[PDB]
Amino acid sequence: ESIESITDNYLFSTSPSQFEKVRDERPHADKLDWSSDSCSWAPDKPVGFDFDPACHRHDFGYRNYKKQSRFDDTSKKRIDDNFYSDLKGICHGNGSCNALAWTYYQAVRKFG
């Protein structure tokens, strides 16, 4: 019932496409930041796949962990790794898409 527990359920207990349907309703928007850049920082996007749910969830984790004053390095790694998992799941074995998923993951690991 704590806002931090709710945040963590959205991050870690939903698929990315379910997260996106949660985000559409902006639950608890009095406490949570639902804004996202949709990976506008990535010059290359995959053709034929939509990474936006994963990007939205990654931004949700960074922005809300920072607002909640609990953005430690291990949580950052958890959120980054969850983002890579989301992207790999969207790619479902497509090699070109996987190559982009790795580059997005490396971008957040090194420049996040």
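Counting begins at 1, following the sequence as shown.
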Taking the deposited Cα B-factors and averaging over 1-9 and over 101-109, the higher mean is found in 101-109
So 69-77 or 33-41, which one's hotter by mean CA B-factor in the entry?
33-41
Among 46, 27, 61, 53, where is the Cα temperature factor highest, going by the PDB entry?
46
Using the B-factor values recorded in the entry, state whether the Cα atom of residue 14 falls in the lowest, middle or highest third among the modelled residues of its chain.
middle
